[PDB]
Amino acid sequence: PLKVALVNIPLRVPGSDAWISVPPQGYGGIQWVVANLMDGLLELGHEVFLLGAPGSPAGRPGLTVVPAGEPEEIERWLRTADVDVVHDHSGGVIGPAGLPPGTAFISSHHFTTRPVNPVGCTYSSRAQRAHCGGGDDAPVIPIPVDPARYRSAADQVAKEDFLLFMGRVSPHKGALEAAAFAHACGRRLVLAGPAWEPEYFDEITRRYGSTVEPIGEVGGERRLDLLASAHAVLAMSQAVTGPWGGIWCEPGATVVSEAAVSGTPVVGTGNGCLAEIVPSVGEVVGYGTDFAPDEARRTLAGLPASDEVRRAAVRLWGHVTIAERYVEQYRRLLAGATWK
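What counts and how
- Residue labels here follow a simple count from 1 along each chain's written sequence instead of the entry's numbering, which may differ, and residues missing coordinates are not shown.
- Heavy atoms throughout the structure, all of them, feed into the side-chain values; hydrogens and water do not.
- Residues with missing side-chain atoms are left out of burial classes, side-chain pairs and their counts.
- Secondary structure elements follow DSSP: runs of H or I no shorter than four residues count as helices, runs of E no shorter than two count as strands, and numbering proceeds from the N terminus.
- Radius of gyration here uses only the C-alpha atoms, and the compact-globule reference equals 2.2 Å multiplied by the residue count raised to the power 0.38.
- Should any heavy atoms of two residues lie within 4.5 Å, those residues are considered in contact.
- For this analysis, a salt bridge means a side-chain nitrogen from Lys or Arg found within 4 Å of a carboxyl oxygen belonging to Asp or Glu.
- Using a 1.4 Å probe on the protein chains alone, a residue whose accessible area is under 20% of its type maximum counts as buried, one over 50% counts as exposed, and one in between counts as partly exposed.
- Definition of a polar contact: a pair of N or O atoms within 3.5 Å, with one able to donate and the other able to accept a hydrogen when the atoms are protein atoms, and with sequence-neighbouring residues admitted only if both atoms are side-chain atoms.
- Stacked, tilted and edge-to-face are the three classes assigned to paired rings of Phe, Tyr and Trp, where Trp is represented by its six-membered ring and a pair needs centres within 6.5 Å; plane angles under 30 degrees give stacked, over 60 edge-to-face, the rest tilted.
- Interaxial angle, 0 to 180 degrees, is taken between N-to-C directions of lines fitted to C-alpha atoms, where a helix line uses only the stretch in contact.
- In these notes the angle categories are as follows: under 35 degrees is roughly parallel, over 145 is roughly antiparallel, 65 to 115 is roughly perpendicular, and the rest is oblique.
- Only protein atoms enter the calculation, which uses a 1 Å grid: trapped sets of points that fit a 1.4 Å probe without letting it out are cavities, open sets showing protein on both sides within 12 Å along at least five of seven lines are pockets, and any residue with an atom within 4 Å of a point is a lining residue.
- Grid points are joined across faces, edges and corners, and a volume is the space filled by probe spheres set on the points.
- Ten residues, namely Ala, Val, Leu, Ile, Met, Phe, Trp, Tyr, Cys and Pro, are considered nonpolar, four, namely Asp, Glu, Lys and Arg, are considered charged, and the remaining ones, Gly among them, are considered polar.
- UniProt positions are given in the numbering used here, feature names are shortened, and annotations may be inferred rather than shown by experiment.
- Domain boundaries shown here were taken from an automatic or database domain assignment.
- Simply put, the buried area is the total loss of 1.4 Å probe accessible area from both parts when two parts are fitted together.

The deposited coordinates, according to the entry record, derive from X-ray crystallography at 2.10 Å resolution.

As annotated in the PDB entry, the chain carries the name GLYCOSYLTRANSFERASE and is attributed to Streptomyces viridochromogenes. The record lists its title as "Crystal structure of AviGT4, a glycosyltransferase involved in Avilamycin A biosynthesis".

As a further point, take the overall build of the chain. When helices and strands are tallied, the chain shows eleven helices and twelve strands. In summary, the chain has a C-alpha radius of gyration of 20 Å against a globular reference of 20 Å for 340 residues, a match within 12%. Counting only C-alpha atoms, the chain reaches 60 × 45 × 40 Å along its principal axes. In the chain, of all internal contacts separated by at least 6 residues, the share reaching a separation of at least 24 is 63%.

What follows covers the pattern of salt bridges. Counted by the stated rule, this structure contains eleven salt bridges. Residue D225 is joined to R151 by a salt bridge in which the shortest nitrogen-to-oxygen separation is 3.0 Å. Placement of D225 in helix α6 (residues 220–229) and of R151 in the loop between α3 (126–131) and β7 (163–166) is noted, with a sequence separation of 74 residues between them. For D225, a relative accessible area of 32% puts it in the partly exposed group. Judged by relative accessible area, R151 falls into the buried class, the value being 16%. By sharing partners, the salt bridges in this structure join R151, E221 and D225 into a single network.

A few words now on the side chain of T112. Assignment of secondary structure puts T112 in the loop between β5 (104–109) and β6 (121–123). For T112, a relative accessible area of 6% gives the class buried. Within the structure, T112 has its side chain in polar contact with the backbone nitrogen of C249 (distance 3.0 Å). In this structure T112 touches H131, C132, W244, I247, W248, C249 and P251, once residues within four positions along its chain are discounted.

A separate point is the packing of aromatic side chains. On inspection of all chains with the given rule, the structure shows five aromatic pairs. Centre to centre, the rings of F181 and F291 are 5.1 Å apart; their planes meet at 85°, and the pair counts as edge-to-face. Residue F181 is found in helix α4 (residues 175–185), and its partner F291 is found in the loop between β12 (282–284) and α9 (293–301); the two are separated by 110 residues along the sequence. When its relative accessible area of 0% is taken as the criterion, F181 is described as buried. Overall, the relative accessible area of 16% leaves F291 in the buried class. Plain terms: the ring middles of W244 and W248 are 4.9 Å apart, the flat faces sit at 70° to each other, and that makes the pair edge-to-face.

Relative orientation of the contacting elements helix α8 (residues 274–281) and helix α10 (residues 306–317) amounts to 140°, with a least axis distance of 8 Å. With respect to each other, α8 and α10 are oriented oblique. Of α10, the residues touching α8 (which contributes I277, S280 and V281) are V309, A312, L316 and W317.

Another aspect to go through is empty space enclosed by the protein. There is about 50 Å³ of room inside the largest cavity. What lines the largest cavity is simply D88, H89, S90, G91, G92, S107, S108, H109, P115, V116, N117 and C121. When residues in the lining of the largest cavity are grouped by element, the largest group, three residues, is from β5. Split into classes, the residues belonging to the lining of the largest cavity amount to three nonpolar, eight polar and one charged.

The UniProt record marks residues 157–278 with the feature "domain: Glycosyl transferase family" (unreviewed entry), using the residue numbering of this structure. Helix makes up 37% of residues 157–278 and strand makes up 15%, while its end C-alpha atoms are separated by 23 Å.

The subject of this paragraph is the domain arrangement of the chain. When cut into domains, the chain gives domain 1 (1–142 + 319–335) and domain 2 (143–318). For domain 1 versus domain 2, the separation of C-alpha centres amounts to 26 Å. With 30 residues of domain 1 in contact, the opposing surface of domain 2 contributes 33 residues. Each partner contributes to the roughly 2400 Å² buried at the junction of domain 1 and domain 2, and carbon and sulfur atoms together form 59% of this total. If you sort the residues of domain 1 by the area they bury against domain 2, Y27, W32 and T112 come out on top, with a joint share of 26%. Linking domain 1 to domain 2 there are one salt bridge. Between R149 and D39 there is a salt bridge; the shortest N-O distance is 2.9 Å. Counting across the interface, domain 1 meets domain 2 through 17 residue pairs in polar contact. Among the elements that make up the side of domain 1 that touches domain 2, the one with the highest residue count is helix α1 (residues 29–43) (eight residues). Partitioning the side of domain 1 that touches domain 2 into residue classes produces 14 nonpolar, 13 polar and three charged.

Written as structure tokens, this is what we have:
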């Protein structure tokens, strides 16, 4: 049994001194990844020390929530920790230097940008690994999902007619293009996530007002019901640039595994990881806003049903399967092997 220090990305609740928890109260993809990962590791019998998320729920046996929020506190703690593995999800807020002898260092890269710590880095997709300059011996391990955290077939959530966009309402996430696709289909689009870019938000409401229903940041129980009740989820990441530098390349798209394990198929673009995961649970479409209604409406009406997408999601992305893939890499590192 391994002692695993899982380092969440340390971020404050917007406008607040509190740290975002794992799983998060509101918006936060990485924090969901760590929650689902953590459940896998604990189910496998490993001990988990969660860092960078103080105040997170702490009940699970095998789980210790470490009272270290900021980077310096996390580094201080790691220097004296008796753990076998430090598994970084922060994008390199911490690094291997200073860890006690014998401690393995591993990362899950969640960014379009090239990693701070390439050595011992894993990628959620081949497209990301390539884009980030990761070598062929770097593991590709997609985003996990724990079905227990999502609505099940037995919950019998009634299907609604609305399409669903769930993430930050930002151009590279393709909120506008999702409005266009919903419009093409004659459907409503719930825009569930933070819409902090006012000119962008305003353009969507101008062009597709009668289509879109913007509800703002969601979380908790409503988030889960939306995921389950939606007719389909639209993951429409666009190949555009921005303040990250270079072309946007969706690293792992947690919403894909989330929708499907909640029994909801996905329409997406082929951006980044989407080319790899969307076809398993729905259909890839083109970039831009120019969707022929006949095609769109057929794309939508031909998507897989709940049982199929849930099945696929558990087989490919199930928390225990993905956690055991990580443990295999932890042991690789512990035996003295390395990669970049």
